[PDB]
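Report on one structure; see the data block that follows.
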There are 2 protein chains.
Amino acid sequence: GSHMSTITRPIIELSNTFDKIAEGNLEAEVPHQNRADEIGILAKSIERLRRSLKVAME
Amino acid sequence: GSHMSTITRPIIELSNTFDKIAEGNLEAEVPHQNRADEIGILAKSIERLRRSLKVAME
């Protein structure tokens with residue numbers, strides 16, 4: 001592919017985050033958490049799901 | 001105006017999906033699964049996580 005645009009950057013990062021969640025890793029950090037636009041909200045949603053997983057394992 | 005725009009439609013749908021996942025619901029379906037662009041790939045990632053949750057419960 002091409003890294004000419006920064007739109008691919010957040011999408012690739014979110015993909016890696018989903019993998020770590022599926023594997024049962026509750027230590028990885030979610031990216032773009034400090035964003036304000038719709039991308040920021042989506043990242044926050046992932047973080048919420050991660051927290052719920054930790055509670056279940058506990 | 002904003003409602004007419006389809007930019008908010010996919011983000012809102014993804015949010016609802018995250019909620020259903022957090023609640024332990026493995027019956028809800030993921031939207032935009034048939035998409036080809038980066039949005040389609042992201043939806044597929046959510047579906048994979050949902051499947052993993054079902055395996056853990058079972």
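Quick note on naming: the chains in the structure tokens go A, B, ... in the order shown, residues restart at 1 in each chain, and ligands are numbered from 1 in order of appearance.
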- Message: Residues of chain A within 7 Å of chain B, counting only C-alpha atoms - could you list those as a list in words?
- Response: residues 15, 18, 22, 45, 49 and 52 of chain A
File dump, residues just selected, N, CA, C and O atoms, as an mmCIF file, in the first residue's frame:
data_model
loop_
_atom_site.group_PDB
_atom_site.id
_atom_site.type_symbol
_atom_site.label_atom_id
_atom_site.label_comp_id
_atom_site.auth_asym_id
_atom_site.auth_seq_id
_atom_site.Cartn_x
_atom_site.Cartn_y
_atom_site.Cartn_z
ATOM 1 N N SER A 15 -6.725 -2.042 14.139
ATOM 2 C CA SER A 15 -6.664 -3.468 13.801
ATOM 3 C C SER A 15 -5.783 -4.224 14.793
ATOM 4 O O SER A 15 -6.175 -5.264 15.326
ATOM 5 N N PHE A 18 -7.528 -4.649 18.128
ATOM 6 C CA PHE A 18 -8.543 -5.712 18.105
ATOM 7 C C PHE A 18 -7.911 -7.090 18.308
ATOM 8 O O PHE A 18 -8.460 -7.931 19.016
ATOM 9 N N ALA A 22 -8.657 -9.785 21.362
ATOM 10 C CA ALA A 22 -9.098 -11.161 21.099
ATOM 11 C C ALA A 22 -8.218 -12.191 21.820
ATOM 12 O O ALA A 22 -8.712 -13.219 22.285
ATOM 13 N N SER A 45 -14.565 3.496 22.802
ATOM 14 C CA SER A 45 -15.444 2.321 22.832
ATOM 15 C C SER A 45 -14.632 1.037 23.013
ATOM 16 O O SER A 45 -14.976 0.176 23.821
ATOM 17 N N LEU A 49 -14.620 -1.847 26.218
ATOM 18 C CA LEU A 49 -14.727 -3.300 26.047
ATOM 19 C C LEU A 49 -13.560 -4.021 26.731
ATOM 20 O O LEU A 49 -13.739 -5.048 27.379
ATOM 21 N N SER A 52 -14.125 -4.191 30.490
ATOM 22 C CA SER A 52 -15.134 -5.202 30.823
ATOM 23 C C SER A 52 -14.528 -6.609 30.814
ATOM 24 O O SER A 52 -14.850 -7.438 31.667
#
- Please indicate the distance in Å from CA of residue 2 (chain A) to CA of residue 37 (chain B), rounded to one decimal place.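 Pair CA of residue 2 (chain A) / CA of residue 37 (chain B) returns 14.8 Å.
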- Message: With DSSP run on the backbone, what are the helix (DSSP H, G or I) residues within chain B? I'd like them as an NGL selection string.
- Response: :B and (8-22 or 38-57)
Output file for the selection above: N, CA and C atoms, as a CSV table (one decimal), in the first residue's frame:
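Produced file selection-v6.csv, reproduced below:
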chain,number,residue,atom,x,y,z
B,8,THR,N,-22.1,9.8,9.6
B,8,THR,CA,-22.4,9.4,11.0
B,8,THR,C,-23.1,8.1,11.1
B,9,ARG,N,-23.7,7.6,10.0
B,9,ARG,CA,-24.4,6.3,10.1
B,9,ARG,C,-23.5,5.1,10.5
B,10,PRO,N,-22.4,5.0,9.9
B,10,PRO,CA,-21.5,3.8,10.2
B,10,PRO,C,-20.9,3.9,11.6
B,11,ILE,N,-20.5,5.1,12.0
B,11,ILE,CA,-19.9,5.3,13.3
B,11,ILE,C,-20.9,5.0,14.4
B,12,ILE,N,-22.2,5.5,14.3
B,12,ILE,CA,-23.2,5.2,15.2
B,12,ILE,C,-23.5,3.7,15.4
B,13,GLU,N,-23.5,3.1,14.2
B,13,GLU,CA,-23.8,1.6,14.2
B,13,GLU,C,-22.7,0.8,14.9
B,14,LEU,N,-21.4,1.2,14.7
B,14,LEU,CA,-20.3,0.6,15.3
B,14,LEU,C,-20.4,0.7,16.9
B,15,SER,N,-20.8,1.9,17.3
B,15,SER,CA,-21.0,2.2,18.7
B,15,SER,C,-22.0,1.2,19.4
B,16,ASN,N,-23.1,1.0,18.7
B,16,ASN,CA,-24.1,0.1,19.2
B,16,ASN,C,-23.6,-1.3,19.3
B,17,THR,N,-22.8,-1.7,18.3
B,17,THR,CA,-22.2,-3.0,18.3
B,17,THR,C,-21.3,-3.2,19.5
B,18,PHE,N,-20.5,-2.2,19.8
B,18,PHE,CA,-19.6,-2.3,20.9
B,18,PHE,C,-20.3,-2.5,22.3
B,19,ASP,N,-21.5,-1.8,22.4
B,19,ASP,CA,-22.3,-2.0,23.6
B,19,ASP,C,-22.8,-3.4,23.8
B,20,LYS,N,-23.3,-4.0,22.7
B,20,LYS,CA,-23.8,-5.3,22.7
B,20,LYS,C,-22.7,-6.3,23.0
B,21,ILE,N,-21.5,-6.1,22.5
B,21,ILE,CA,-20.4,-7.0,22.9
B,21,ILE,C,-20.1,-6.9,24.4
B,22,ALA,N,-20.0,-5.7,24.9
B,22,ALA,CA,-19.7,-5.5,26.3
B,22,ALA,C,-20.7,-6.2,27.2
B,38,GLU,N,-11.9,0.4,4.0
B,38,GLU,CA,-11.4,0.3,5.4
B,38,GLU,C,-12.5,0.1,6.4
B,39,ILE,N,-13.7,0.6,6.1
B,39,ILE,CA,-14.8,0.5,7.1
B,39,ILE,C,-15.2,-1.0,7.1
B,40,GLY,N,-15.2,-1.7,6.0
B,40,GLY,CA,-15.5,-3.1,5.9
B,40,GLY,C,-14.5,-3.9,6.8
B,41,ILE,N,-13.2,-3.6,6.6
B,41,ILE,CA,-12.2,-4.3,7.4
B,41,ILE,C,-12.4,-4.2,8.9
B,42,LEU,N,-12.7,-2.9,9.3
B,42,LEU,CA,-12.9,-2.6,10.7
B,42,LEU,C,-14.1,-3.4,11.3
B,43,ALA,N,-15.2,-3.5,10.5
B,43,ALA,CA,-16.4,-4.3,10.9
B,43,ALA,C,-16.0,-5.8,11.1
B,44,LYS,N,-15.2,-6.3,10.2
B,44,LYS,CA,-14.8,-7.7,10.2
B,44,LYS,C,-14.0,-8.0,11.5
B,45,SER,N,-13.2,-7.0,11.9
B,45,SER,CA,-12.4,-7.1,13.2
B,45,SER,C,-13.3,-7.3,14.4
B,46,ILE,N,-14.4,-6.5,14.4
B,46,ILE,CA,-15.4,-6.6,15.5
B,46,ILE,C,-16.0,-8.0,15.5
B,47,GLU,N,-16.3,-8.5,14.4
B,47,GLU,CA,-17.0,-9.8,14.3
B,47,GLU,C,-16.0,-10.9,14.8
B,48,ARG,N,-14.7,-10.8,14.5
B,48,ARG,CA,-13.7,-11.7,15.0
B,48,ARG,C,-13.7,-11.7,16.6
B,49,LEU,N,-13.7,-10.5,17.2
B,49,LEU,CA,-13.7,-10.4,18.6
B,49,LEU,C,-15.0,-11.1,19.2
B,50,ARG,N,-16.1,-10.9,18.6
B,50,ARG,CA,-17.4,-11.4,19.0
B,50,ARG,C,-17.3,-13.0,19.0
B,51,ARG,N,-16.7,-13.5,18.0
B,51,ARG,CA,-16.6,-15.0,17.9
B,51,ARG,C,-15.7,-15.5,19.0
B,52,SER,N,-14.6,-14.8,19.3
B,52,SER,CA,-13.7,-15.3,20.4
B,52,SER,C,-14.4,-15.3,21.7
B,53,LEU,N,-15.3,-14.3,22.0
B,53,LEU,CA,-16.1,-14.2,23.2
B,53,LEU,C,-17.0,-15.4,23.4
B,54,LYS,N,-17.6,-15.8,22.3
B,54,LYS,CA,-18.5,-17.0,22.3
B,54,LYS,C,-17.7,-18.3,22.7
B,55,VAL,N,-16.5,-18.4,22.1
B,55,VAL,CA,-15.7,-19.6,22.4
B,55,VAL,C,-15.3,-19.6,23.9
B,56,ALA,N,-15.0,-18.5,24.5
B,56,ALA,CA,-14.7,-18.4,25.9
B,56,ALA,C,-15.8,-18.8,26.8
B,57,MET,N,-17.0,-18.3,26.5
B,57,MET,CA,-18.2,-18.6,27.2
B,57,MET,C,-18.6,-20.1,27.1
